[PDB]
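To be precise, the following lines are upload_15.txt, and they hold compact mmCIF, C-alpha atoms and all ligand atoms.
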# COMPACT_ATOMS: atom_id res chain seq x y z
CA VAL A 3 5.26 4.47 -26.84
CA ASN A 4 8.09 4.29 -24.29
CA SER A 5 11.49 2.62 -24.05
CA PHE A 6 10.73 -0.11 -21.49
CA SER A 7 11.50 -3.51 -23.03
CA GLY A 8 10.80 -7.12 -22.14
CA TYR A 9 7.99 -6.49 -19.65
CA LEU A 10 5.02 -8.77 -19.13
CA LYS A 11 1.75 -6.81 -19.14
CA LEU A 12 -0.32 -7.54 -16.03
CA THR A 13 -3.10 -4.96 -16.46
CA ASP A 14 -3.95 -1.87 -18.48
CA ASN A 15 -1.27 0.09 -16.61
CA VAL A 16 1.01 -2.34 -14.69
CA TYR A 17 3.96 -4.16 -16.25
CA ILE A 18 6.53 -6.49 -14.64
CA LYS A 19 9.99 -7.83 -15.43
CA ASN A 20 12.71 -9.91 -13.76
CA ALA A 21 15.40 -7.24 -13.65
CA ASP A 22 17.90 -5.41 -11.47
CA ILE A 23 16.31 -1.97 -11.02
CA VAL A 24 19.78 -0.40 -10.97
CA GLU A 25 20.65 -1.89 -14.36
CA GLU A 26 17.19 -1.12 -15.69
CA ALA A 27 17.44 2.53 -14.64
CA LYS A 28 20.92 2.90 -16.15
CA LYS A 29 19.61 1.54 -19.47
CA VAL A 30 16.26 3.32 -19.71
CA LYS A 31 17.06 6.59 -17.89
CA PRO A 32 13.37 6.88 -16.95
CA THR A 33 11.76 10.14 -15.94
CA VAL A 34 11.10 8.64 -12.49
CA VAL A 35 12.76 5.78 -10.63
CA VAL A 36 11.16 4.83 -7.31
CA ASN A 37 13.37 4.17 -4.30
CA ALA A 38 12.30 1.87 -1.45
CA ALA A 39 13.14 4.53 1.12
CA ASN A 40 12.89 4.77 4.89
CA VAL A 41 11.76 7.91 6.73
CA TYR A 42 15.36 9.01 7.38
CA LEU A 43 16.44 8.50 3.76
CA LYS A 44 19.27 6.31 5.07
CA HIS A 45 20.00 4.23 1.99
CA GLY A 46 21.84 1.36 3.60
CA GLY A 47 20.63 -1.81 1.95
CA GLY A 48 18.03 -3.44 -0.21
CA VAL A 49 16.95 -1.43 -3.23
CA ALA A 50 17.94 1.86 -1.57
CA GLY A 51 21.46 0.71 -0.81
CA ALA A 52 21.87 -0.51 -4.38
CA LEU A 53 20.50 2.69 -5.97
CA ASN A 54 22.64 4.88 -3.74
CA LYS A 55 25.77 2.82 -4.45
CA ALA A 56 25.14 3.27 -8.18
CA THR A 57 25.13 7.07 -7.67
CA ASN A 58 28.54 6.91 -5.93
CA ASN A 59 26.80 8.07 -2.68
CA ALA A 60 25.48 11.29 -4.29
CA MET A 61 21.93 10.16 -3.48
CA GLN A 62 22.87 9.89 0.21
CA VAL A 63 24.56 13.31 0.25
CA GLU A 64 21.49 14.93 -1.31
CA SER A 65 19.20 13.01 1.05
CA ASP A 66 21.10 14.11 4.17
CA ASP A 67 20.65 17.74 3.16
CA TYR A 68 16.94 17.10 2.52
CA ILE A 69 16.45 15.60 6.00
CA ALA A 70 18.47 18.35 7.69
CA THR A 71 16.11 20.91 6.14
CA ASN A 72 12.77 19.10 6.25
CA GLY A 73 12.94 16.35 8.86
CA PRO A 74 11.90 12.74 8.29
CA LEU A 75 9.26 11.58 5.87
CA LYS A 76 6.06 9.87 7.01
CA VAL A 77 5.55 6.14 6.59
CA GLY A 78 3.38 6.06 3.48
CA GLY A 79 4.86 9.34 2.25
CA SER A 80 7.37 10.37 -0.38
CA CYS A 81 9.60 13.09 -1.70
CA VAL A 82 10.98 13.86 -5.15
CA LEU A 83 14.75 14.27 -5.37
CA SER A 84 17.31 14.00 -8.15
CA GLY A 85 17.65 10.80 -10.11
CA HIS A 86 21.40 11.46 -10.45
CA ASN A 87 22.90 9.20 -13.17
CA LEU A 88 19.95 6.78 -13.01
CA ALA A 89 16.85 8.81 -13.95
CA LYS A 90 15.65 12.39 -14.19
CA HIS A 91 14.01 12.15 -10.76
CA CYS A 92 13.96 9.71 -7.88
CA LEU A 93 10.66 9.33 -6.04
CA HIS A 94 11.65 8.18 -2.55
CA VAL A 95 8.61 6.28 -1.23
CA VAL A 96 8.35 4.90 2.31
CA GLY A 97 6.41 1.67 2.49
CA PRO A 98 5.74 0.19 5.92
CA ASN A 99 8.58 -1.97 7.26
CA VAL A 100 7.04 -5.09 8.80
CA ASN A 101 10.31 -5.79 10.61
CA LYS A 102 9.64 -2.51 12.48
CA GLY A 103 5.99 -3.23 13.34
CA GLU A 104 4.50 -0.71 10.92
CA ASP A 105 0.88 -0.94 9.78
CA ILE A 106 0.63 -2.84 6.50
CA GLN A 107 -2.48 -0.81 5.66
CA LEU A 108 -0.04 2.03 5.00
CA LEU A 109 1.09 0.17 1.88
CA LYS A 110 -1.85 1.55 -0.10
CA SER A 111 -1.00 5.11 0.97
CA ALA A 112 2.60 4.49 -0.13
CA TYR A 113 1.50 3.36 -3.60
CA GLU A 114 -0.81 6.39 -3.96
CA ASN A 115 2.34 8.51 -4.36
CA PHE A 116 2.91 6.82 -7.73
CA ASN A 117 -0.27 8.44 -9.10
CA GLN A 118 1.47 11.83 -9.14
CA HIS A 119 3.72 10.61 -11.99
CA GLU A 120 2.55 9.48 -15.42
CA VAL A 121 5.23 6.77 -15.83
CA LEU A 122 7.55 5.16 -13.26
CA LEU A 123 10.15 2.43 -12.90
CA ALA A 124 9.64 0.92 -9.46
CA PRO A 125 10.28 -1.98 -7.09
CA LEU A 126 7.52 -3.68 -5.14
CA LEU A 127 7.03 -1.52 -2.06
CA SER A 128 7.59 -3.11 1.35
CA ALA A 129 9.06 -6.25 -0.26
CA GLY A 130 12.55 -7.60 0.34
CA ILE A 131 14.10 -6.44 3.60
CA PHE A 132 10.94 -4.46 4.44
CA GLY A 133 9.34 -7.80 5.29
CA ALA A 134 5.96 -7.72 3.54
CA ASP A 135 4.56 -10.44 1.29
CA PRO A 136 5.50 -9.43 -2.29
CA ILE A 137 2.36 -11.10 -3.68
CA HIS A 138 0.32 -8.76 -1.48
CA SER A 139 2.43 -5.78 -2.51
CA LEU A 140 1.75 -6.53 -6.18
CA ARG A 141 -1.99 -6.79 -5.48
CA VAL A 142 -2.02 -3.42 -3.72
CA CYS A 143 0.02 -1.90 -6.56
CA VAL A 144 -2.42 -3.09 -9.22
CA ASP A 145 -5.43 -1.97 -7.17
CA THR A 146 -3.98 1.47 -6.27
CA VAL A 147 -1.70 2.76 -9.02
CA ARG A 148 -3.52 4.17 -12.05
CA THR A 149 -0.49 5.63 -13.83
CA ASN A 150 1.90 3.51 -15.90
CA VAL A 151 4.21 1.50 -13.64
CA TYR A 152 7.06 -0.76 -14.74
CA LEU A 153 7.96 -3.10 -11.89
CA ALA A 154 11.46 -4.55 -11.63
CA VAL A 155 11.77 -7.73 -9.56
CA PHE A 156 15.35 -8.75 -8.78
CA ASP A 157 14.74 -12.37 -7.78
CA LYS A 158 13.87 -14.68 -10.69
CA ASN A 159 12.19 -17.25 -8.46
CA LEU A 160 10.04 -14.52 -6.93
CA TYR A 161 9.23 -13.04 -10.34
CA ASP A 162 7.96 -16.39 -11.61
CA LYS A 163 5.86 -16.84 -8.47
CA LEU A 164 4.36 -13.34 -8.84
CA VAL A 165 3.41 -13.97 -12.47
CA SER A 166 2.10 -17.49 -11.94
CA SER A 167 -0.05 -16.48 -8.95
CA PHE A 168 -1.37 -13.22 -10.41
CA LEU A 169 -5.15 -12.97 -10.55
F1 LIG A 201 21.41 -4.82 -4.02
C1 LIG A 201 20.14 -4.89 -4.30
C2 LIG A 201 19.18 -5.26 -3.32
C3 LIG A 201 17.82 -5.34 -3.61
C4 LIG A 201 17.30 -5.05 -4.88
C5 LIG A 201 18.34 -4.69 -5.78
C6 LIG A 201 19.71 -4.59 -5.60
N1 LIG A 201 17.80 -4.41 -7.06
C7 LIG A 201 16.41 -4.60 -6.93
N2 LIG A 201 15.70 -4.38 -8.06
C8 LIG A 201 14.39 -4.57 -7.86
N3 LIG A 201 13.78 -4.96 -6.70
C9 LIG A 201 14.56 -5.18 -5.56
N4 LIG A 201 13.82 -5.57 -4.43
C10 LIG A 201 12.99 -6.82 -4.20
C11 LIG A 201 13.75 -7.98 -3.48
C12 LIG A 201 13.13 -9.28 -4.03
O1 LIG A 201 12.63 -8.97 -5.30
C13 LIG A 201 12.54 -7.57 -5.49
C14 LIG A 201 16.01 -5.00 -5.62
CL CL A 202 15.36 -5.76 -0.81
Could I get this structure in the form of structure tokens?
Ligand SMILES: Fc1ccc2c(c1)[nH]c1ncnc(N[C@@H]3CCOC3)c12
Ligand SMILES: [Cl-]
Amino acid sequence: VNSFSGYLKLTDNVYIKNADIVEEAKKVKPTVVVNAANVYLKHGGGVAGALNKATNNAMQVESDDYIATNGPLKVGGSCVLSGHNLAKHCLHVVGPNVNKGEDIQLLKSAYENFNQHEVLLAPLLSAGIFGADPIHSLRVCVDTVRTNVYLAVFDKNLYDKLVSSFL
């Protein structure tokens, strides 16, 4: 039993809700919140901009030190950093950005990072400003993630479309 409330169950391990991931993280304080990161951990907009803003820029400060030490992530890769006031940990995961020409096949690799954590609160990778089809992202999530994932979808119209079209 966990504290996630109001989710629709899609499969044995995948759950979905129309919610603002920032507000969901602040309420649940999950062990892991997933950020829709880029390789530079520059949290300017989309989910990343919103999560970072909610940490009063502490996420960005920590991220800049991480990059200065380690260099950029790989597309499809991830790193674990602090969750600040939102979660115990933040798993920064880089899905391919279609608006940069990146291979959509890398979306499966990106979701594989979730399997290193038993339970996660997450957005749909590569959705929103990353330019991929969210219906496809949900399909890859369900077919790749085996651990327990709670998906927060900000847009109500999109949430209803994802549920109604789910096979
Ligand atoms: F300021 C922002 C900007 C983007 C998001 C945000 C707050 N909170 C989010 N929570 C979950 N998923 C998100 N990204 C996808 C976009 C379409 O539906 C889901 C966002
Ligand atoms: Cl977005």
Could you give me, as an NGL selection string, the residues within 8 Å of stretch 112-121 of chain A, counting all atoms listed in the file and dropping anything in the same chain fewer than 5 positions from it? :A and (33-34 or 77-80 or 95-97 or 127 or 142-143 or 146-152)
In terms of the shortest atom-to-atom distance over all atoms listed in the file, which of A:3, A:83, A:123, A:93 is closest to ligand LIG 201 (chain A)?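 Of A:3, A:83, A:123, A:93, the one nearest ligand LIG 201 (chain A), counting all atoms listed in the file, is A:123.
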Between chain A and ligand CL 202 (chain A), at 12 Å or less, what are the per-residue closest atom pairs and their distances in Å? Count all atoms listed in the file, order by chain and rising residue number, and return it as a Markdown table.
| residue | atom | partner | partner_atom | distance |
| --- | --- | --- | --- | --- |
| A:22 | CA | A:CL202 | CL | 11.0 |
| A:23 | CA | A:CL202 | CL | 10.9 |
| A:37 | CA | A:CL202 | CL | 10.7 |
| A:38 | CA | A:CL202 | CL | 8.2 |
| A:39 | CA | A:CL202 | CL | 10.7 |
| A:45 | CA | A:CL202 | CL | 11.4 |
| A:46 | CA | A:CL202 | CL | 10.6 |
| A:47 | CA | A:CL202 | CL | 7.1 |
| A:48 | CA | A:CL202 | CL | 3.6 |
| A:49 | CA | A:CL202 | CL | 5.2 |
| A:50 | CA | A:CL202 | CL | 8.1 |
| A:51 | CA | A:CL202 | CL | 8.9 |
| A:52 | CA | A:CL202 | CL | 9.1 |
| A:53 | CA | A:CL202 | CL | 11.2 |
| A:99 | CA | A:CL202 | CL | 11.2 |
| A:125 | CA | A:CL202 | CL | 8.9 |
| A:126 | CA | A:CL202 | CL | 9.2 |
| A:127 | CA | A:CL202 | CL | 9.4 |
| A:128 | CA | A:CL202 | CL | 8.5 |
| A:129 | CA | A:CL202 | CL | 6.3 |
| A:130 | CA | A:CL202 | CL | 3.6 |
| A:131 | CA | A:CL202 | CL | 4.6 |
| A:132 | CA | A:CL202 | CL | 7.0 |
| A:133 | CA | A:CL202 | CL | 8.8 |
| A:134 | CA | A:CL202 | CL | 10.5 |
| A:135 | CA | A:CL202 | CL | 12.0 |
| A:136 | CA | A:CL202 | CL | 10.6 |
| A:154 | CA | A:CL202 | CL | 11.6 |
| A:155 | CA | A:CL202 | CL | 9.7 |
| A:156 | CA | A:CL202 | CL | 8.5 |
| A:157 | CA | A:CL202 | CL | 9.6 |
| A:160 | CA | A:CL202 | CL | 11.9 |
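Taking atom CA of residue A:98 and atom CA of residue A:139 as endpoints, the distance between them is 10.8 Å.
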Please, what distance in Å, to one decimal, runs between atom CA of residue A:70 and atom CA of residue A:86? 19.6 Å
How big is the axis-aligned box around the listed atoms of ligand LIG 201 (chain A) once 3 Å is added on each side, and where is its centre? Give both in Å to one decimal, as lines of an AutoDock Vina configuration file.
center_x = 17.0
center_y = -6.8
center_z = -5.7
size_x = 14.9
size_y = 10.9
size_z = 10.7
